[PDB]
Number of protein chains: 2
Amino acid sequence: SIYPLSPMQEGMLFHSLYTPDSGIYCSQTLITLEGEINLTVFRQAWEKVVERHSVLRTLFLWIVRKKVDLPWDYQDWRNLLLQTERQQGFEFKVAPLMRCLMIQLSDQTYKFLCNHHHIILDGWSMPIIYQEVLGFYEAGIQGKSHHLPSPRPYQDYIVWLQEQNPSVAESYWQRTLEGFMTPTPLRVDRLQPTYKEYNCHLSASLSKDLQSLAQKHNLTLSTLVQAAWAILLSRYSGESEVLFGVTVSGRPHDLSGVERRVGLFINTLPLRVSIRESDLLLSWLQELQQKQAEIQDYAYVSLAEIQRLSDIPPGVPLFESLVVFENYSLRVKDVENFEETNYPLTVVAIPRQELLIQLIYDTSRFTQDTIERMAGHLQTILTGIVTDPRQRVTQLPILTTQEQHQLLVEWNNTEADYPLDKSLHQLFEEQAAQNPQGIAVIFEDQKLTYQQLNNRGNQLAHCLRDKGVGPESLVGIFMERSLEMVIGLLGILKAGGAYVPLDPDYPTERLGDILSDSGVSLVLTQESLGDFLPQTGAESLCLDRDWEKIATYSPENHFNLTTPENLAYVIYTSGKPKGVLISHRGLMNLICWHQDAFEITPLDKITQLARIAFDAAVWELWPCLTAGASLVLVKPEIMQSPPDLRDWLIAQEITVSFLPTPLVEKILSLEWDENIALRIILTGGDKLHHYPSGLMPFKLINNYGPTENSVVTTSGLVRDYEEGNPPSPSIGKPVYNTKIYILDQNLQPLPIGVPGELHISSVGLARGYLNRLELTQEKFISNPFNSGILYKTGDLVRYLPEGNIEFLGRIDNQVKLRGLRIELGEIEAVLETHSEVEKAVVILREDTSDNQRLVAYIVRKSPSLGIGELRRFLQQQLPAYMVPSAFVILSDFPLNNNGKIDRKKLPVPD
Amino acid sequence: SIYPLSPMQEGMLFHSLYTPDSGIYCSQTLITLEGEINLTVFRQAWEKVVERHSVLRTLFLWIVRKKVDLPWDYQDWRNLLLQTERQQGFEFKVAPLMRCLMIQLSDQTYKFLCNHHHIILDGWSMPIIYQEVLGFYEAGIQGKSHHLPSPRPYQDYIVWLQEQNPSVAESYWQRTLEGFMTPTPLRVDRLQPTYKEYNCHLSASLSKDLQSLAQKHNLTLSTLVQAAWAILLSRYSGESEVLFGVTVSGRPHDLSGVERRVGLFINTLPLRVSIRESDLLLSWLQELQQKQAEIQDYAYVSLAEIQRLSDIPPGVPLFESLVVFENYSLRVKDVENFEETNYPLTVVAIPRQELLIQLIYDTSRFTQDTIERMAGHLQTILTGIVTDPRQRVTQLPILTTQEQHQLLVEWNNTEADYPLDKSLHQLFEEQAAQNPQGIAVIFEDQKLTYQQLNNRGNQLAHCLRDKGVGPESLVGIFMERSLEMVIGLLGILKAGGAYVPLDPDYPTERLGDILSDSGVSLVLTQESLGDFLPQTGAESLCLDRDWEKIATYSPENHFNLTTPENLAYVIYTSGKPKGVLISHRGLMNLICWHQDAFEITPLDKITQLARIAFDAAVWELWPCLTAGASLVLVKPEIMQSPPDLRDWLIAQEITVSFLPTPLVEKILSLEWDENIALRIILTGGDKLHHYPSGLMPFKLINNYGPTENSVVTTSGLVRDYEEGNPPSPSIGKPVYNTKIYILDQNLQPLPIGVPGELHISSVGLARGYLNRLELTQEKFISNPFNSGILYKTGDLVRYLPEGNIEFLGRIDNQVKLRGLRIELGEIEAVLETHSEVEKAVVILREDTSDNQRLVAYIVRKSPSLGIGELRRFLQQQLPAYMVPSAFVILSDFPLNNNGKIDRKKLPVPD
Ligand SMILES: Nc1ncnc2c1ncn2[C@@H]1O[C@H](COP(=O)(O)O)[C@@H](O)[C@H]1O
Ligand SMILES: Nc1ncnc2c1ncn2[C@@H]1O[C@H](COP(=O)(O)O)[C@@H](O)[C@H]1O
Ligand SMILES: CC(C)C[C@H](N)C(=O)O
Ligand SMILES: CC(C)C[C@H](N)C(=O)O
């Protein structure tokens, strides 16, 4: 009994000897017994166990451990809970004396409690000790012998350790963990210690089908469970490589297949699992079997040794999930109050006649609803595995029947009747029929009635159709926001053509490219701008100078000639920008949806401030003009001042107004008359950061959608912040005749809480890109879920629990194996909380392709705050690894031409 | 004049447009003119320059730049300094308008001021502009023409940039900077923005000899200067690879050899220089020539692009030193108030007829004395290079004649007469002659006079010499601190033998190894411990039981038989420990020095608390007994309580007391009677962290030395903290007959402020190690500076400015290319400043050989403080990269058996 400590034993000792009273290494176990007991023999049982297991009578000399053959257990007392309260709270004490480092107590209402230090025992070792203590009692409450083999002394683990070469195991852990730079994030967990148990019981049938499959193919039930969890983790995380804990014996020699012995050995090990698109479930399970066997050959270096030895940063865990397969005077419960640490999520497979799978979760990290669904997913995956193991791993189903249905069917039940026969201009002219005298457009003093607008529109149409314009014609429009411009738009539409906005402030070369791209032969403009057009060969008509030409022509409505498939407009998104071909159907849907959702009626006064090259302008003009309301063009002057715009909105008695996101953010800080005409403010285009105060008189509607889907895809009222609310307002839910899908990189559905790529199926979808047939086919695919078409948005989003969508960002800004476990927007929200921070954006890399170095751009309210005081504020709220290297104070955000924040113009730090 | 910005131009623009008014990019230049000036023509001169250089009339459109041929410079006014005060302070303003971004002003007392933005100009570009503006004035204050070629438009740099492939330059900067993980630290700089200039003028002879050498060997004067600085940096830094800035043209096409042109180009580039032990100066200079040429081929990516692209962490500079070779109505001065940034140290070679080398230094980072010496070093290196360029680079001299002398000769002038004929026991017995009745030893109640001790010593000697003991005999001593033990020690010495302390608390196996190592055939012990000796074959004598045997023998002094070369003691240092063979000469020197320095006289009462296996015990016993004083053995009880020991020291009227370092640290926090007998407290053994309060009644002496050099090498009084003081008390200066040397890894001398390895030349040096002849030869070498022997200590130290030595740590704990620019002890001192921190130790790696992760172990005063609040405190005081990843709260430091802090028993974090 002269032996050296294991490294793991030393570490532990030193930690205890020189850090203040800790109890990190104190494991308690508490046993509810009922019946009656021969106390005398129950004690002698414990003494029997203490007499046989050498560690249960070891002591430490301080670099050396001694087993003696002498000490045992002390009871303290026996004979309105009062146990937790004090009687269990008060243990900061163990001496490395011969006296077994294990103190016990039996009680009045019959409760046993065992305290011990991990320097002698393992999580594995306690079960063995109950079993052996119960068996020495039952064969001895009956004067018989409980015959058991003599155990190994655990002083021969120690010699075994020394026979092994640490450099072998260290090279192996280094080689195999190399690429792996941060822990697999579960991304179903909560922003910010009690644990709970969700029991997921598998049917007798599934249990048996699993066992069967294991036998047929030389796999174990533990491998099927780990596999199941590996598959689940890859879907939740988005990573095709995952890493979780598995529990192991850690005691070797192939006594893994015969014997059982007590002490401190390695009990958990990291298992790194990769899943490729070609992987089939049988082969991949064969492979998993090996890696789990293989890692056990290098089980003679601690996990702390393995953490540092990896590429994972110091300070952070290399996994947040653990899988344990418990291969194993009546007892009532064994409550384990080693609560001192536990992993956020541990999945415990207990292989009784039916397979139990317990999910033990940190309740600060996961909702009950999230965990229950996790249960459903494993259940789905396991049933899928036995049902057809020839299947590709990346295609195996995860959602339950009810989930599938809810997400893909019920939440997509947005079908709505709308006039699919009609066209934009028709609707308009019914509007101009029924209320000819109504103010249709207003610009400062100027004013058009529905008749003025219809008549002057019909004239330009007639002019235009003499010039060659019909269905599918693309006519340029190069004009300042004005009445002329509405007439222009309406003119092209009536001719049967489709308008191509040309922005008045564009350089002459970009205007060039648009005209050559779009192939327009005709551009409507105005004398002011005429000379800025490049000379491309195209005719230009001035609606100001040349109005005389146009006046000559009929102000009659013409025959309606366009079909819903005909192009209505072509608008560029941001190598070059790409023009999107929008048909009339799209717009009909939008208009009919919009008018319904926001109850637009001819009473309404509707603002028009988006520049005509952005598709928001479509959604300002046509719902309004086709409904009878009055469109108020806004001087861009007014828009330059949030408070002035506020006053101006109030002044002009505007009822419903679209404000782009950066602007609406600002007006929401202002204070507002309580009784104004403004009922709705619509916003969208960039990610809205801020919830409205309840003080706001209007209701605030968030909206989202690509240009490739007729302006709006998703819409939702935004209330004041509640509590269960995400860090930034939802983008709402799909609009009429729109279905959405949140999909993984192999086009597979994902459950609530998991981020994926938004795909859209809609009557709103573009015909495709102008002159980009390849890309049209890459992005507009055949829908896996219907006979209809699916557009890939490239936007990263997740379903919230009531069916709202959280917008996260762009799929291209995601990098594999550096997903941070905290969503960037979570930091943003936190930084924004501290007053003096008005707006924060957090980017991954503003530097180039070498490093990433996450930076945070802050716009301050006053100069009081600086990048140090901020830094400590964020390491107070989050930990580190969740705090950026650089913080850049800005004065204002680089906005692109439409209002969206311009990333590539953000200043790179230092 | 349609052109895209350079990347470097864009970055700059964005930074200006969206960060709050900054003036980071504002360069000012201020020109003292005297004489009289045709104001009218001076202006027109500037207009001439503005008319020719395209950037001097460029504007920015916001991704595009425009040159116009129209704007120029405005004067604002003209006609008790008041300029700095306001008139120069107030510039936060430049608009990217056609109006040249360059505002000027001429003044009353004749001062010109030019403000411009780096988005148009370079540090290189301003000189060209003065020259061209002065030349258009002088040929025009005389109605003549100043004829100059027409410049390149700098719109063809931009096309050149675009013709180049960034991936080529990026691969090159990545490949060549790879190993290089932190900036070359100068380690002559100060712990913690004004600049100063030290002019270092080289003689006409040296200037010319350099130029000559350049011609002979196809090198330039710039390469000789960079070389010089590279050599200096490697010595200061301790790194055989260095990295500094060099300035470059950045404008290419081989117009580097003809033309001169204005704009913004790359001006600084990182030059990585390696120096190997075999390198010869000619070949190595040839090579340096190439690398400096080569790097200029990749001069089309910014330095910010090169920083991130390197292995240097984000946030930190990749060099703190820059070398610029300025190859280039009278003007008085050009004062450059672009002070907005400058590097901590820039070395400017100005190649006028004699070579000037300016050292421009941040005065918060370097003392005037440090810089002057730097000047002397370059001067030394350059003179060395011309004198013999066949020389090895690592052997070239750096110290001046006076420095060499001061460090190696004058500060080592410690020769002292001492009785080299005599031996320890002789001196003793003269002491026991002259004052037979004096109390020699005291232990609680027990007491020996000089006669008791001498007589009982002579008896044991006679006993011993019948048992075979003589010169060179090693006798074991295995005894509790007691009177018997002093008698034992004194007995062995008189017999002519040398004692080998065996520690009473050692395990029987370590005792075994010592006895087999030392080969003792005889061990003096005591009945108490006899049975703990292992049975090795050696005789044991009990000075307690067997005293009767010993009493029979003569109490006469014997003939003195030992010579000063004879062994006196053998003591192990901490694979296995190694026994050190100390002779009598060593001890004579120590005793005679000690008695002189601390004025020991027979009045003195001297404490004895070091365990006998530590060599401190030698330095407690023999100075005292050989002087006539009374040695008080201390109960180790008393030593367990700082306050009790204090009281006990005061109580017993002890005059001079050795307390090991961890203990003295603690007593210095106590409060102290002002009038006590205690005059000196001696300490040493570990690094003392704390300076005494002035309130302390005694004086506190720090001391240092390896066992291999008779206990003490260096000694120095420690006062209260002053200001210029290092973070922890000096270890003083060499003792009698001791010379020290602070040397680099090629055994070369180093100047003040530079850390190196301490080597000792002394009469105190061990004969060598017991039974380790190899190691004796590796560590005890032939002295490069005398005919005498040199011991390599493995300790890292530096000379302070008055000749004190700062102890830094162990050479083995240093790792190349991760030296931090801040000394660990600097952090320690800072952490210690904050009350609630009683003691802090900062280690490099407590984890294993994969990462390093610098950790800090803190002992707190009360539990109030925690590892977060500490963390922010240290990122407040230092920046980051100077703050550890882990902080471990301890309760107490793992001490080894002698008092030194035990590193390998520090708890590894997490
Ligand atoms: N409400 C919104 N919240 C967040 N991002 C949005 C929102 N609306 C639009 N987007 C983003 O803006 C894009 C539309 O850009 P484009 O169609 O090119 O003008 C979408 O694909 C999203 O990435
Ligand atoms: N005063 C001191 N300050 C700092 N380190 C010290 C001091 N005295 C001794 N040392 C260290 O202790 C060593 C002596 O250890 P040893 O001779 O083996 O007992 C030296 O080589 C130093 O590294
Ligand atoms: C949802 C709307 C605000 C328009 C959206 N920004 C788009 O780019 O189509
Ligand atoms: C300088 C003295 C305190 C002794 C020193 N610690 C040594 O190890 O020799």
# chains A, B, ... in the order shown; residues from 1 in each chain; ligands from 1
call {"tool": "select_by_dssp", "arguments": {"residues": "range 536-592 of chain A", "states": "strand (DSSP E or B)", "output": "ChimeraX atom specification"}}
result
/A:539-542,567-573,578-583
call {"tool": "write_last_selection", "arguments": {"atoms": "N, CA and C atoms", "output": "PDB file, in the first residue's frame"}}
result
ATOM      1  N   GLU A 539     -34.941  56.110 -77.361  1.00  0.00           N
ATOM      2  CA  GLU A 539     -35.793  57.289 -77.383  1.00  0.00           C
ATOM      3  C   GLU A 539     -36.056  57.709 -75.932  1.00  0.00           C
ATOM      4  N   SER A 540     -36.159  59.016 -75.682  1.00  0.00           N
ATOM      5  CA  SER A 540     -36.628  59.524 -74.401  1.00  0.00           C
ATOM      6  C   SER A 540     -37.811  60.448 -74.641  1.00  0.00           C
ATOM      7  N   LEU A 541     -38.851  60.349 -73.798  1.00  0.00           N
ATOM      8  CA  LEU A 541     -40.032  61.209 -73.815  1.00  0.00           C
ATOM      9  C   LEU A 541     -40.072  62.006 -72.505  1.00  0.00           C
ATOM     10  N   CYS A 542     -40.178  63.352 -72.575  1.00  0.00           N
ATOM     11  CA  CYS A 542     -40.276  64.209 -71.389  1.00  0.00           C
ATOM     12  C   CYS A 542     -41.741  64.453 -71.071  1.00  0.00           C
ATOM     13  N   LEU A 567     -45.261  40.755 -67.479  1.00  0.00           N
ATOM     14  CA  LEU A 567     -44.396  41.517 -66.601  1.00  0.00           C
ATOM     15  C   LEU A 567     -45.088  42.829 -66.264  1.00  0.00           C
ATOM     16  N   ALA A 568     -44.874  43.268 -65.025  1.00  0.00           N
ATOM     17  CA  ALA A 568     -45.438  44.515 -64.546  1.00  0.00           C
ATOM     18  C   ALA A 568     -44.319  45.489 -64.203  1.00  0.00           C
ATOM     19  N   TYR A 569     -43.215  44.978 -63.666  1.00  0.00           N
ATOM     20  CA  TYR A 569     -42.081  45.817 -63.341  1.00  0.00           C
ATOM     21  C   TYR A 569     -40.846  44.943 -63.296  1.00  0.00           C
ATOM     22  N   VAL A 570     -39.687  45.584 -63.447  1.00  0.00           N
ATOM     23  CA  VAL A 570     -38.391  44.939 -63.302  1.00  0.00           C
ATOM     24  C   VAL A 570     -37.560  45.807 -62.371  1.00  0.00           C
ATOM     25  N   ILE A 571     -37.078  45.230 -61.254  1.00  0.00           N
ATOM     26  CA  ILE A 571     -36.347  45.999 -60.250  1.00  0.00           C
ATOM     27  C   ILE A 571     -35.104  45.221 -59.853  1.00  0.00           C
ATOM     28  N   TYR A 572     -33.967  45.931 -59.707  1.00  0.00           N
ATOM     29  CA  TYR A 572     -32.670  45.334 -59.421  1.00  0.00           C
ATOM     30  C   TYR A 572     -32.568  45.140 -57.911  1.00  0.00           C
ATOM     31  N   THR A 573     -32.047  43.979 -57.495  1.00  0.00           N
ATOM     32  CA  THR A 573     -31.547  43.766 -56.149  1.00  0.00           C
ATOM     33  C   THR A 573     -30.054  44.043 -56.131  1.00  0.00           C
ATOM     34  N   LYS A 578     -29.009  42.287 -60.064  1.00  0.00           N
ATOM     35  CA  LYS A 578     -29.706  41.395 -60.973  1.00  0.00           C
ATOM     36  C   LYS A 578     -31.157  41.846 -61.038  1.00  0.00           C
ATOM     37  N   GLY A 579     -31.694  41.971 -62.237  1.00  0.00           N
ATOM     38  CA  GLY A 579     -33.048  42.481 -62.328  1.00  0.00           C
ATOM     39  C   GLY A 579     -34.037  41.349 -62.112  1.00  0.00           C
ATOM     40  N   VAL A 580     -35.092  41.651 -61.382  1.00  0.00           N
ATOM     41  CA  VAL A 580     -36.108  40.703 -61.011  1.00  0.00           C
ATOM     42  C   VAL A 580     -37.367  41.014 -61.816  1.00  0.00           C
ATOM     43  N   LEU A 581     -37.905  39.967 -62.439  1.00  0.00           N
ATOM     44  CA  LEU A 581     -39.060  40.076 -63.304  1.00  0.00           C
ATOM     45  C   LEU A 581     -40.314  39.744 -62.516  1.00  0.00           C
ATOM     46  N   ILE A 582     -41.045  40.786 -62.153  1.00  0.00           N
ATOM     47  CA  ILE A 582     -42.281  40.632 -61.419  1.00  0.00           C
ATOM     48  C   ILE A 582     -43.474  40.783 -62.365  1.00  0.00           C
ATOM     49  N   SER A 583     -44.379  39.809 -62.311  1.00  0.00           N
ATOM     50  CA  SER A 583     -45.609  39.756 -63.084  1.00  0.00           C
ATOM     51  C   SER A 583     -46.750  40.457 -62.344  1.00  0.00           C
TER      52      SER A 583
END
call {"tool": "residues_near_ligand", "arguments": {"ligand": "ligand 2", "cutoff": "9 Å", "atoms": "only C-alpha atoms and all ligand atoms", "output": "compact mmCIF listing (two decimals) with C-alpha atoms, in the first residue's frame"}}
result
# COMPACT_ATOMS: atom_id res chain seq x y z
CA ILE B 571 23.77 19.59 0.78
CA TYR B 572 21.19 18.57 -1.86
CA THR B 573 19.45 21.08 -4.12
CA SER B 574 15.99 20.42 -5.56
CA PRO B 577 18.29 16.25 -6.30
CA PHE B 614 18.65 23.73 3.77
CA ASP B 615 21.92 25.64 3.44
CA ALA B 616 20.44 28.67 5.22
CA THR B 661 10.73 34.86 2.47
CA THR B 683 15.77 37.08 4.30
CA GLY B 684 16.19 35.21 1.05
CA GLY B 685 15.47 32.01 -0.82
CA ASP B 686 12.43 32.93 -2.89
CA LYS B 687 11.54 36.22 -4.63
CA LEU B 688 10.48 38.79 -1.99
CA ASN B 702 17.50 40.77 1.02
CA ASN B 703 19.96 38.10 -0.04
CA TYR B 704 20.28 35.64 -2.92
CA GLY B 705 22.45 32.74 -3.91
CA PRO B 706 22.54 29.12 -5.15
CA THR B 707 23.72 26.31 -2.95
CA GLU B 708 26.53 25.96 -5.46
CA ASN B 709 28.03 29.21 -4.04
CA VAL B 711 24.65 30.23 0.72
CA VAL B 712 24.90 33.95 -0.25
CA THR B 713 26.00 35.60 -3.51
CA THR B 714 24.24 38.94 -3.34
CA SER B 715 23.00 41.07 -0.45
CA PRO B 729 13.00 44.56 -3.84
CA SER B 730 16.40 44.13 -5.41
CA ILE B 731 18.54 41.17 -4.43
CA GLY B 732 21.35 43.63 -3.82
CA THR B 793 22.94 29.78 -12.25
CA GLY B 794 19.97 29.29 -14.58
CA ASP B 795 18.52 32.42 -12.97
CA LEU B 796 17.19 35.32 -15.07
CA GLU B 806 16.67 42.62 -10.19
CA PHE B 807 15.73 38.93 -9.96
CA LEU B 808 13.22 38.00 -12.68
CA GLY B 809 12.95 34.26 -12.57
CA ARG B 810 14.24 31.00 -13.95
CA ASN B 898 12.87 25.23 2.55
CA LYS B 900 10.33 28.46 -1.70
call {"tool": "interface_residues", "arguments": {"of": "chain B", "to": "chain A", "cutoff": "9 Å", "atoms": "only C-alpha atoms", "output": "JSON, numbers by chain"}}
result
{"B": [10, 11, 12, 13, 14, 15, 16, 17, 18, 19, 20, 21, 304, 305, 308, 309, 310, 314, 315, 847, 848, 849, 850, 851, 853, 868, 872, 875, 876, 885, 886, 888, 889, 890, 891, 892, 893, 894, 905, 906, 907, 908, 909, 910]}
call {"tool": "closest_residue", "arguments": {"among": "B:247, B:39, B:326, B:265", "to": "residue 119 in chain B", "atoms": "only C-alpha atoms"}}
result
B:265
call {"tool": "residues_around", "arguments": {"residues": "residue 280 in chain A", "least_positions_apart": "3", "cutoff": "12 Å", "atoms": "only C-alpha atoms", "output": "VMD selection string"}}
result
chain A and resid 275 to 277 283 to 288 385 388 to 396
call {"tool": "residues_around", "arguments": {"residues": "residue 523 in chain B", "least_positions_apart": "2", "cutoff": "6 Å", "atoms": "only C-alpha atoms", "output": "tab-separated table (two decimals) with N, CA and C atoms, in the first residue's frame"}}
result
chain	number	residue	atom	x	y	z
B	475	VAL	N	30.08	12.29	6.92
B	475	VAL	CA	29.29	11.73	8.01
B	475	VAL	C	27.85	12.23	7.92
B	476	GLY	N	26.90	11.29	7.96
B	476	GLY	CA	25.49	11.61	8.06
B	476	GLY	C	25.17	12.27	9.40
B	477	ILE	N	24.14	13.15	9.41
B	477	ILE	CA	23.58	13.66	10.66
B	477	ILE	C	22.06	13.70	10.57
B	540	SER	N	25.46	3.70	13.12
B	540	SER	CA	24.82	4.89	13.67
B	540	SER	C	25.27	5.08	15.11
call {"tool": "atom_distance", "arguments": {"atom1": "CA of residue 585 in chain B", "atom2": "CA of residue 654 in chain B"}}
result
28.7 Å
call {"tool": "closest_residue", "arguments": {"among": "A:594, A:187, A:272, A:152", "to": "ligand 3", "atoms": "only C-alpha atoms and all ligand atoms"}}
result
A:594
call {"tool": "residues_around", "arguments": {"residues": "range 428-438 of chain A", "least_positions_apart": "5", "cutoff": "6 Å", "atoms": "only C-alpha atoms", "output": "ChimeraX atom specification"}}
result
/A:449-451,626,628
call {"tool": "closest_residue", "arguments": {"among": "A:722, A:377, A:593, A:202", "to": "residue 415 in chain A", "atoms": "only C-alpha atoms"}}
result
A:593
call {"tool": "select_by_dssp", "arguments": {"residues": "range 112-228 of chain B", "states": "helix (DSSP H, G or I)", "output": "MDAnalysis selection string"}}
result
chainID B and resid 125:138 155:163 166:176 204:217 221:228
call {"tool": "write_last_selection", "arguments": {"atoms": "C-alpha atoms", "output": "CSV table (one decimal), in the first residue's frame"}}
result
chain,number,residue,atom,x,y,z
B,125,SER,CA,5.0,63.4,-50.0
B,126,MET,CA,5.4,66.5,-47.8
B,127,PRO,CA,9.2,67.0,-48.3
B,128,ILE,CA,8.6,66.9,-52.1
B,129,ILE,CA,6.0,69.6,-51.7
B,130,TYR,CA,8.2,72.0,-49.6
B,131,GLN,CA,11.1,71.5,-52.1
B,132,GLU,CA,8.9,72.1,-55.1
B,133,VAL,CA,7.2,75.1,-53.4
B,134,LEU,CA,10.5,76.7,-52.3
B,135,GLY,CA,12.0,76.2,-55.9
B,136,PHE,CA,9.0,77.9,-57.6
B,137,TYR,CA,9.5,80.8,-55.2
B,138,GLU,CA,13.2,81.3,-55.8
B,155,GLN,CA,-4.2,57.7,-61.1
B,156,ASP,CA,-1.8,55.2,-62.6
B,157,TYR,CA,-0.8,53.8,-59.2
B,158,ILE,CA,-4.4,53.0,-58.9
B,159,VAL,CA,-4.5,51.0,-62.3
B,160,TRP,CA,-1.2,49.4,-61.2
B,161,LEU,CA,-2.8,48.3,-57.9
B,162,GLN,CA,-5.6,46.7,-59.9
B,163,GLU,CA,-3.2,44.9,-62.2
B,166,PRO,CA,-3.7,40.4,-53.7
B,167,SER,CA,-3.5,36.7,-53.2
B,168,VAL,CA,0.1,36.7,-54.3
B,169,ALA,CA,1.2,39.3,-51.7
B,170,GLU,CA,-1.1,37.8,-49.1
B,171,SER,CA,0.4,34.4,-49.4
B,172,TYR,CA,3.9,35.9,-49.2
B,173,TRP,CA,3.2,37.9,-46.0
B,174,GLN,CA,1.5,34.8,-44.6
B,175,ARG,CA,4.4,32.5,-45.4
B,176,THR,CA,7.2,34.8,-44.2
B,204,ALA,CA,33.3,61.5,-40.2
B,205,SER,CA,35.7,58.5,-40.1
B,206,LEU,CA,33.0,55.9,-39.2
B,207,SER,CA,30.5,57.5,-41.6
B,208,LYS,CA,33.1,57.1,-44.4
B,209,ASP,CA,34.3,53.7,-43.3
B,210,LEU,CA,30.6,52.5,-43.5
B,211,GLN,CA,30.1,54.0,-47.0
B,212,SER,CA,33.3,52.3,-48.1
B,213,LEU,CA,32.2,48.9,-46.8
B,214,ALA,CA,28.9,49.3,-48.5
B,215,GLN,CA,30.6,49.9,-51.8
B,216,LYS,CA,33.1,47.1,-51.4
B,217,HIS,CA,30.3,44.5,-50.8
B,221,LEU,CA,24.1,52.5,-45.9
B,222,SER,CA,20.4,51.9,-45.1
B,223,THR,CA,21.2,48.1,-44.8
B,224,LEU,CA,24.1,48.8,-42.5
B,225,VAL,CA,21.8,50.8,-40.2
B,226,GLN,CA,18.9,48.3,-40.2
B,227,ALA,CA,21.5,45.5,-39.6
B,228,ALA,CA,22.9,47.5,-36.7
call {"tool": "residues_around", "arguments": {"residues": "range 403-412 of chain B", "least_positions_apart": "2", "cutoff": "10 Å", "atoms": "only C-alpha atoms", "output": "PyMOL selection string"}}
result
chain B and resi 373+376-377+397-401+414-415+733-742+749-752+761+785+799+802-804
call {"tool": "closest_residue", "arguments": {"among": "B:29, B:762, B:877, B:535", "to": "residue 192 in chain B", "atoms": "only C-alpha atoms"}}
result
B:877
call {"tool": "residues_around", "arguments": {"residues": "residue 627 in chain B", "least_positions_apart": "2", "cutoff": "9 Å", "atoms": "only C-alpha atoms", "output": "PyMOL selection string"}}
result
chain B and resi 427-428+431+591+595+600-602+622-625+629
call {"tool": "closest_residue", "arguments": {"among": "A:811, A:439, A:659, A:243", "to": "ligand 3", "atoms": "only C-alpha atoms and all ligand atoms"}}
result
A:659
call {"tool": "atom_distance", "arguments": {"atom1": "CA of residue 651 in chain B", "atom2": "CA of residue 479 in chain B"}}
result
27.3 Å
call {"tool": "closest_residue", "arguments": {"among": "A:822, A:664, A:775, A:382", "to": "ligand 3", "atoms": "only C-alpha atoms and all ligand atoms"}}
result
A:664
call {"tool": "atom_distance", "arguments": {"atom1": "CA of residue 814 in chain A", "atom2": "CA of residue 278 in chain A"}}
result
22.8 Å
